[PDB]
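Everything on this sheet refers to the single structure shown next.
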Amino acid sequence: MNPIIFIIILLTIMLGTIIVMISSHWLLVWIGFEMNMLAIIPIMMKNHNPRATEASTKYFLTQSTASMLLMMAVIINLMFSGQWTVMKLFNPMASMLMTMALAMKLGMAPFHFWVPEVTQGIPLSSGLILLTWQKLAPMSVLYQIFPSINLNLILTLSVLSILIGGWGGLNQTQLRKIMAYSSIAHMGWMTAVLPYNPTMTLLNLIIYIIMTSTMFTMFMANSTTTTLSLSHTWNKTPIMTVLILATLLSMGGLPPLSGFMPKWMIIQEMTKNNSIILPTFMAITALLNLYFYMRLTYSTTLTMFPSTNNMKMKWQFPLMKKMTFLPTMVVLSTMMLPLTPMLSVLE
Amino acid sequence: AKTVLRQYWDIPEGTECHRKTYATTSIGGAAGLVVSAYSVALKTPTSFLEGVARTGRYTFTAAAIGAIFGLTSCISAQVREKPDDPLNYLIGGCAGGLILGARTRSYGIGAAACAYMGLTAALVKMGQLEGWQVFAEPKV
Amino acid sequence: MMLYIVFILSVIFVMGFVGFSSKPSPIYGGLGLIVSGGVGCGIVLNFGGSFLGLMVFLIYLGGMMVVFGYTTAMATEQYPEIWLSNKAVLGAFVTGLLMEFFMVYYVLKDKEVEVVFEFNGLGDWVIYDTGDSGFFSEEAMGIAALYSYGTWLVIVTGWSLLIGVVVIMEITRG
Amino acid sequence: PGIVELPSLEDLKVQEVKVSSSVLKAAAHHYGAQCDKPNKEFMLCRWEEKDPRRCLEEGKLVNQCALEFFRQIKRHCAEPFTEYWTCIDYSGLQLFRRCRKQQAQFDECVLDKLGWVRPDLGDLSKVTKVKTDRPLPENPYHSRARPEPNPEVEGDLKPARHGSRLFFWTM
Amino acid sequence: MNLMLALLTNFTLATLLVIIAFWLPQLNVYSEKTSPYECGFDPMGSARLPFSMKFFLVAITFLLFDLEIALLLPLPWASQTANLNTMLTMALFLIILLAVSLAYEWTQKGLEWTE
Amino acid sequence: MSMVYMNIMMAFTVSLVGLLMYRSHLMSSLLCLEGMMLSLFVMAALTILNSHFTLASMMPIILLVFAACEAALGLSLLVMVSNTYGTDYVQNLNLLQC
Amino acid sequence: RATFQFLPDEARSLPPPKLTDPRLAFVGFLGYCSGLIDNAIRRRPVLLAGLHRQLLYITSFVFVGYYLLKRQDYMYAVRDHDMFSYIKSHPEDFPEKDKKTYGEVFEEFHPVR
Amino acid sequence: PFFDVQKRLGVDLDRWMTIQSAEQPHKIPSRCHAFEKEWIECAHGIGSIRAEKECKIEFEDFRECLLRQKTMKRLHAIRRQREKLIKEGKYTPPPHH
Ligand SMILES: CCCCCCCCCCCCCCCCCC(=O)OC[C@H](COP(=O)(O)OCCN)OC(=O)CCCCCCCCCCCCCCCCC
Ligand SMILES: CCCCCCCCCCCCCCCCCC(=O)OC[C@H](COP(=O)(O)OCCN)OC(=O)CCCCCCCCCCCCCCCCC
Ligand SMILES: CCCCCCCCCCCCCCCCCC(=O)OC[C@H](COP(=O)(O)OCCN)OC(=O)CCCCCCCCCCCCCCCCC
Ligand SMILES: CCCCCCCCCCCCCCCCCC(=O)OC[C@H](COP(=O)(O)OCCN)OC(=O)CCCCCCCCCCCCCCCCC
Ligand SMILES: CCCCCCCCCCCCO[C@@H]1O[C@H](CO)[C@@H](O[C@H]2O[C@H](CO)[C@@H](O)[C@H](O)[C@H]2O)[C@H](O)[C@H]1O
Ligand SMILES: CCCCCCCCCCCCO[C@@H]1O[C@H](CO)[C@@H](O[C@H]2O[C@H](CO)[C@@H](O)[C@H](O)[C@H]2O)[C@H](O)[C@H]1O
Ligand SMILES: CCCCCCCCCCCCO[C@@H]1O[C@H](CO)[C@@H](O[C@H]2O[C@H](CO)[C@@H](O)[C@H](O)[C@H]2O)[C@H](O)[C@H]1O
Ligand SMILES: CCCCCCCCCCCCO[C@@H]1O[C@H](CO)[C@@H](O[C@H]2O[C@H](CO)[C@@H](O)[C@H](O)[C@H]2O)[C@H](O)[C@H]1O
Ligand SMILES: CCCCCCCCCCCCO[C@@H]1O[C@H](CO)[C@@H](O[C@H]2O[C@H](CO)[C@@H](O)[C@H](O)[C@H]2O)[C@H](O)[C@H]1O
Ligand SMILES: CCCCCCCCCCCCO[C@@H]1O[C@H](CO)[C@@H](O[C@H]2O[C@H](CO)[C@@H](O)[C@H](O)[C@H]2O)[C@H](O)[C@H]1O
Ligand SMILES: N=C(N)NC(=N)NCCc1ccc(I)c(Cl)c1
């Protein structure tokens with residue numbers, strides 16, 4: 001890929017997402033998703049190997065199917081209201097189809113099967129876009145249609161995503177598959193609180209993106225994609241093991257780190273609405289996420305794994321990776337809890 | 001599911017056990033079928049006959065757990081003349097766990113099931129009594 | 001009988017869909033999509049959209065020509081499957097026709113039908129407009145407005161088609 | 001939800017102008033000038049009232065003027081007109097440009113005998129004003145009363161009392 | 001009606017010609033006569049084996065280009081708009097982007113067949 | 001609703017089921033995707049044409065344009081799948097279970 | 001109140017955050033920590049290296065944080081303005097109670113025996 | 001829109017096609033133009049929660065115009081009652097019908 005072509009394709013990924021977020025018309029929302037899907041596929045295939053080909057194919061079939069259900073909802077909505085404005089839908093059947101359509105786009109359970117496989121099959125830089133930027137457009141739509149979403153449906157998807165994400169990550173040694181199941185688990189928190197307070201869905205979304213960007217950037221810095229390969233980091237760059245430890249404890253939601261903030265504000269909103277059982281169930285189930293985060297911290301920072309002789313050659317060379325924004329992102333991922341009241345900026 | 005759930009909660013506790021056992025069996029059987037469908041879809045059976053065998057094995061196990069809980073919980077209430085006591089569902093819940101343990105030929109599963117199903121069922125009766133909401137309607 | 005023209009074409013529409021949805025050899029699936037595209041053009045034309053009907057037919061004829069070429073190259077076997085050759089294909093094919101035939105039989109008998117949702121079977125003409133006497137085609141005015149009202153639509157579609165060429169070149173450069 | 005009020009078959013009766021479209025087209029330009037007033041009073045009524053039932057009387061005066069207009073042609077210029085619309089009727093598209101010779105004969109006949117001048121290109125598409133003694137309708141859409149707006153929030157924006165008040169935060 | 005009658009008559013005329021063609025002549029069918037033709041020797045391999053397409057990339061580009069003309073065919077009607085400044089700009093814009101996409105595929109050697 | 005909607009909605013559902021119930025050929029599933037879009041085009045065109053929503057008459061045309069971009073994208077991936085394995089069978093795309 | 005505006009005009013009738021705001025000092029501190037982490041990951045002397053870079057980390061954080069704190073304060077002012085105006089518009093939903101003393105209100109006694 | 005850049009910049013990207021009572025070419029009106037105008041003006045500015053109950057009459061009429069379900073039910077009933085009398089020999093249509 002020509003560097004200019006890579007930039008044009010990247011800007012088209014962003015343009016499609018932007019179109020979704022600024023459109024007042026369901027047709028332009030659908031166009032934004034289609035433009036975004038068209039541009040991302042070449043980023044998945046960038047390395048051209050059978051796993052990238054399989055990943056892109058599975059991604060294309062899933063997203064293309066979701067778009068047809070998305071457009072079906074729009075047309076049913078048109079029949080029963082005669083307008084195209086992006087807002088609540090005027091038919092329950094349309095609401096279900098659109099809700100499922102966005103669930104498949106996000107990879108929520110039980111539409112989750114593609115997320116672990118696609119993430120594993122593409123590079124780390126492409127995986128970063130998939131698990132972060134690609135969440136913006138579907139969430140921005142849920143943010144506008146939630147007054148007509150079926151509560152039982154959306155909370156069922158949220159419950160299943162948290163369970164399947166937590167259980168799915170327990171059996172993974174591949175970092176990209178660990179991030180994928182973590183993303184599924186975190187998607188559930190965002191949608192669980194959506195019926196009650198959409199502002200808390202944005203907060204969770206933003207904090208999830210910062211922490212997820214931090215982790216991927218650190219994996220890219222060391223070109224690590226497996227647990228054992230990451231366990232050599234203490235011998236190359238000791239500092240990076242401490243950042244991984246702090247970031248991973250944050251993604252586990254442990255006070256006083258930033259990742260506790262969204263779990264905390266979501267539990268507050270749910271209890272205000274007399275929802276007690278669900279947040280309790282969600283918080284306990286999130287301990288599964290903490291478990292397989294803690295395994296990574298053990299193999300990465302809190303112990304010293306065996307090294308290889310050739311590792312000594314790497315001592316003599318500096319890190320050349322760009323690691324753009326990593327100093328800022330890691331601080332935000334960890335030291336933001338004292339500023340929680342700043343969440344009103346999202347109101 | 002809403003129609004079958006409503007039927008169970010519309011006949012008072014401890015009265016008309018046969019009707020209750022049909023409701024819990026109907027709920028159990030449906031749950032077993034849902035499990036069979038995903039299982040057959042995601043773990044392909046080697047033969048059509050086996051896929052049917054797996055379906056019947058799960059649907060029967062699920063329906064048995066439903067019937068025994070519905071039978072035990074109603075009969076315990078009628079016998080004890082305590083219609084609105086969460087303890088009745090604890091007896092029914094544990095009995096279901098034993099049926100699961102028997103169908104699996106695993107005492108340890110039977111022990112754990114009798115506990116966790118016992119607590120979960122008793123927790124449901126308290127929720128009905130006190131109005132605990134699982135999927136709480138938005139209010140504020 | 002002619003008053004039910006849109007219904008008859010729509011029945012063939014579904015039959016073509018059952019054709020390629022049962023998934024025989026893509027050669028015959030393409031045939032089923034051409035029939036559906038043909039009668040689909042007939043349905044839309046009968047609602048006053050001659051340009052929309054002919055355009056969708058024209059596009060899908062070009063698309064199925066490419067699919068045919070790709071099929072002989074990348075989706076062929078020694079014994080391509082017709083609908084009768086395979087038990088799974090035949091079962092889906094028969095199931096589709098029987099579901100279709102029973103919807104037709106009952107909607108005609110009762111002038112109405114409940115298939116999940118309620119559909120009225122009085123004939124499709126009843127909903128048509130009663131007073132037209134303009135000196136233009138309203139569909140042509142709406143479509144032509146793409147170049148005066150749809151500036152934004154023109155930009156995003158034109159850009160997507162250009163990016164599409166760039167992308168398929170990237171995707172297929174091993 | 002109510003009975004739709006329809007005029008009786010007696011009220012809908014008027015002497016029709018029973019000529020073919022070729023006849024109407026051949027006389028259209030002069031008819032547009034000679035019968036402008038009742039015609040434009042009927043079209044104002046229809047667009048304001050938005051109800052065919054509310055403009056029947058104006059509709060009849062359109063018909064009456066049409067018959068009066070065509071009777072003048074019959075009295076004074078029957079043969080020149082019959083030649084003209086016969087030429088128009090032959091064309092599948094009823095084109096004016098195939099009958100300029102017969103049109104000239106008809107035009108000069110009505111000019112000499114009735115002082116009828118043909119409108120210019122662009123005249124009949126002008127938007128005109130019409131004086132009417134019918135009162136402008138008050139609620140042509142039969143709108144219900146609009147719901148009242150939400151009570152407006154006004155006043156001086158003051159700092160939040162004791163800050164955010166989120167849990168322990170003091171700011 | 002006229003249209004459906006015309007189509008039915010044409011395709012019925014063609015069908016009758018085929019019916020006559022098959023039922024009028026004397027037939028003599030045996031295995032060698034109906035065997036596949038390949039210049040006198042038996043074919044080597046099925047004719048259903050994959051046939052590589054060397055112009056596959058032009059074929060995909062045809063799909064994208066064939067939709068462009070759907071966007072352009074309304075241009076005679078769009079020229080009747082009063083807002084001719086916008087219409088002319090967007091018409092030229094669309095055609096240029098088609099030309100740019102063609103020039104890109106040309107310069108990148110997409111129009112050369114795989115050898 | 002009017003009876004035409006029964007068969008157009010039915011056609012969409014048939015193709016959706018056809019899409020979700022795979023066989024071997026990946027080309028066959030791509031056809032079901034194209035069929036799904038065809039039913040959406042017809043279903044949208046009927047509504048717009050019958051309601052005299054003049055400006056919406058361009059919407060079905062825009063629908064076809066992004067249908068071709070999807071079909072072209074689908075065929076591009078099919079070429080790569082075919083090059084790797086020599087068939088367009090979807091059972092070959094199972095490397096990412098592990 | 002203004003559509004898609006970071007700071008509506010009415011927000012100017014509120015006092016701006018002080019430049020010695022404790023929250024702003026924390027944000028500046030986070031910028032300092034980011035500067036230190038930048039040196040450490042790149043294996044430069046953490047405290048000494050690139051003081052120009054470390055200064056810009058502190059300055060950019062404080063700059064952005066000042067505006068976020070201003071919008072934060074503005075949104076809480078708006079919340080209270082909305083809440084109090086609504087109470088005024090619906091007196092019958094927020095009626096003032098008659099406040100009984102503890103000598104009149106009966107509370108039950110629970111001995112700790 | 002999630003981000004209302006169209007309002008901030010005062011540029012019309014897509015809202016010209018959102019409703020059928022917006023300005024059309026050559027002022028061609030939609031069939032339900034009056035009904036949707038009445039509904040839109042009833043519900044303007046009060047929010048969906050209020051509009052769902054306070055503009056129910058306008059929305060129901062608009063829905064009837066769009067899908068005509070009540071009219072088709074009415075005509076299906078009359079046509080049924082006619083076939084009931086034709087076979088029973090209890091009604092002869094008029095010449096004009
Ligand atoms: C502020 C209010 C909000 C509160 C939230 C909590 C705020 C804390 C957020 C922390 C943010 C992450 C940045 C932590 C900076 C850690 C600095 C450090 O570890 O020293 C660097 C050193 C790297 O080694 P090197 O660069 O090569 O120097 C020469 C030694 N070889 O490191 C090493 O050599 C160590 C290698 C051995 C690994 C030992 C690991 C155990 C020590 C971990 C301590 C940090 C734990 C942070 C987790 C949160 C704590 C609350
Ligand atoms: C973070 C320090 C604590 C470290 C241990 C971690 C504890 C758990 C963290 C979770 C969050 C709990 C924080 C509890 C305090 C937050 C509530 C609060 O402090 O009130 C609001 C505070 C203003 O504090 P105030 O009471 O008004 O006193 C003013 C004194 N001038 O306004 C604020 O909210 C901002 C205050 C945050 C507290 C840290 C910042 C204090 C300022 C010192 C920054 C460092 C400046 C020196 C820079 C050195 C550079 C090398
Ligand atoms: C008023 C200030 C109060 C301090 C509050 C501290 C809160 C935690 C702030 C986290 C950010 C720390 C800075 C980022 C780490 C960079 C430091 C490092 O990597 O190694 C230490 C380094 C000295 O070693 P060297 O690599 O050789 O550099 C030579 C420069 N002398 O550089 C040094 O000389 C030391 C630099 C600081 C070392 C920090 C050690 C890790 C601290 C994290 C533990 C968690 C913090 C406590 C939790 C409660 C928060 C109040
Ligand atoms: C929510 C409440 C908390 C508030 C959070 C606030 C977060 C947002 C604030 C911005 C965060 C990023 C700030 C980074 C500051 C470090 C910049 C720096 O020192 O760069 C040094 C130098 C490049 O600087 P230079 O580009 O020449 O300056 C002109 C910029 N137009 O060359 C270098 O060596 C830089 C390399 C290290 C930087 C990482 C790579 C990023 C590249 C950034 C380029 C410069 C950006 C200028 C930042 C200005 C922001 C106002
Ligand atoms: C008031 C309503 C009460 C409703 C009660 C609902 C109970 C929930 C039932 C869920 C479905 C049954 O759950 C399923 O049962 C079968 C029992 O054979 C188990 O099956 C397991 O045990 C046996 C023997 O080993 C075999 O069937 C199978 O090889 C094995 O996997 C499944 O592992 C379990 O997933
Ligand atoms: C592994 C552990 C998993 C988590 C376990 C958590 C257990 C939580 C218990 C479930 C909540 C309580 O359960 C639910 O309560 C509501 C009351 O609001 C009941 O609601 C019922 O009330 C009336 C009676 O007053 C019934 O006639 C009616 O059918 C129903 O609405 C439900 O019948 C019951 O199913
Ligand atoms: C390749 C296979 C293709 C399969 C195509 C399948 C087409 C579907 C069949 C649709 C048949 C429609 O059938 C149509 O029903 C209506 C019922 O009112 C009939 O219409 C009827 O209306 C009045 C009722 O007052 C009767 O007096 C009249 O005798 C009768 O015509 C039509 O005469 C008939 O043509
Ligand atoms: C890859 C991106 C490529 C983008 C390329 C875009 C090329 C666009 C070139 C400009 C096309 C239109 O060019 C412009 O047309 C309008 C009308 O049509 C002309 O306008 C002229 O005629 C119109 C009416 O017809 C009058 O209102 C106007 O007063 C008069 O000046 C402009 O004088 C001319 O500058
Ligand atoms: C606004 C529409 C009208 C403007 C024209 C738009 C189409 C432009 C077409 C491409 C123009 C530049 O792109 C093209 O690059 C290739 C380089 O491989 C050149 O092609 C080169 O090899 C090919 C094959 O041998 C031949 O065309 C030629 O011998 C040679 O020039 C073309 O000469 C050049 O035209
Ligand atoms: C993935 C699934 C693939 C298949 C997709 C099929 C899509 C078919 C879309 C049909 C949409 C029909 O939508 C359904 O219409 C009926 C009309 O009687 C409505 O019916 C209901 O509402 C209306 C008024 O609000 C009244 O009739 C009545 O209150 C009630 O019957 C339903 O509320 C609506 O959900
Ligand atoms: N719960 C919702 N869905 N919306 C919501 N955040 N309601 C709460 C109202 C609120 C809270 C804080 C602020 I600051 C403002 Cl201005 C308004």
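Just the heavy atoms: all of them, side chains too, but no hydrogens, waters or symmetry mates, feed the values below. By convention in this document, chain letters (A, B, ...) are assigned in the order of the sequence lines, proteins followed by strands, and residues within each chain are numbered from 1. Every number for a ligand or one of its atoms is a count from 1 in the order of the listing.
No close placement of the C/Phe17 and F/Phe12 rings is indicated, their centers lying 6.0 Å or farther apart.
At a heavy-atom cutoff of 4.0 Å, ligand 10 is contacted by no atom of C/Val116, backbone or side chain. Of the heavy atoms in A/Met100, none comes closer than 4.0 Å to ligand 10. Looking at E/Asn85 against ligand 8, both its backbone and its side chain come within 4.0 Å, counting heavy atoms.
The closest approach between A/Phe80 and ligand 10 falls below 4.0 Å for a heavy atom of the residue. At least one heavy atom of G/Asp38 sits under 4.0 Å from some atom of ligand 4. At a 4.0 Å cut-off, at least one heavy atom of A/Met342 sits close enough to ligand 4 to count as contact. Within the 4.0 Å heavy-atom cutoff, A/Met336 counts among the residues contacting ligand 4.
Across G/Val46 and G/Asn39, no two heavy atoms sit closer than the pair O-ND2, 2.7 Å.
In the candidate list G/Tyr67, G/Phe61, G/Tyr57, G/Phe26, G/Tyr57 is nearest to atom 39 (C) of ligand 4, counting heavy atoms. Nearest to atom 21 (C) of ligand 4 by heavy atom, out of G/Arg23, G/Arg53, A/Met335, is G/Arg53. In this comparison of A/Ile75, H/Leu67, A/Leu69, A/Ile76, the heavy atom closest to atom 9 (C) of ligand 10 sits on A/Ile76.
Remark: atom 35 (O) of ligand 8 lies closer than 4.0 Å to no protein heavy atom. Closer than 4.0 Å to atom 26 (O) of ligand 4 lies none of the heavy atoms of the protein. Within a 4.0 Å radius of atom 30 (C) of ligand 8, the protein contributes no non-hydrogen atoms. Of the protein's heavy atoms, none falls inside 4.0 Å of atom 23 (C) of ligand 10. In this structure, atom 43 (C) of ligand 4 has no protein heavy-atom contact shorter than 4.0 Å. For atom 27 (O) of ligand 8, the nearest protein heavy atom lies under 4.0 Å away. For atom 11 (C) of ligand 8, the nearest protein heavy atom is under 4.0 Å away. For atom 17 (C) of ligand 8, the nearest protein heavy atom lies under 4.0 Å away.
The single protein non-hydrogen atom nearest to atom 14 (C) of ligand 8 is E/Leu88 CD2, 4.8 Å, given as residue, atom name and distance. For atom 25 (O) of ligand 10, the nearest non-hydrogen atom of the protein is H/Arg63 NH1, 4.0 Å. Among all non-hydrogen protein atoms, the one lying nearest atom 3 (C) of ligand 10 is F/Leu16 CD2, 3.6 Å.
Checked by distance only, ligand 8 and E/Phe93 stay at 3.5 Å or farther apart across all their nitrogen or oxygen atoms. Geometrically, ligand 10 and A/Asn91 share a nitrogen or oxygen pair separated by less than 3.5 Å. Backbone and side-chain nitrogen or oxygen atoms of E/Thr89 are examined, and none is located within less than 3.5 angstrom of a nitrogen or oxygen of ligand 8.
G/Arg23 has a carboxylate O that lies under 4.0 Å from a charged side-chain N of G/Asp73, or vice versa, which qualifies the two as a salt bridge. In summary, H/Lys73 and C/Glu118 do not engage in a salt bridge, as defined by a charged side-chain N under 4.0 Å from a carboxylate O.
Which parts of ligand 4 touch G/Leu68 is read off a 4.0 Å heavy-atom cut-off, strictly below it: atoms 1 (C), 2 (C). For ligand 4, the atoms sitting less than 4.0 Å from at least one non-hydrogen atom of A/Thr328 are 11 (C), 12 (C), numbered in the order shown with element in parentheses.
The OG atom of F/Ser15 sits 8.5 Å away from atom CG of F/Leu38, with the distance rounded to the nearest 0.5 Å.
No cation-pi contact links H/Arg63 to A/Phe80, judged by a cut-off of 6.0 Å to the six-membered ring centre and 45° from its axis.
Contact of the G/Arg42 side chain with the A/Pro318 side chain is not registered, since no non-hydrogen atoms from C-beta on lie closer than 4.5 Å.
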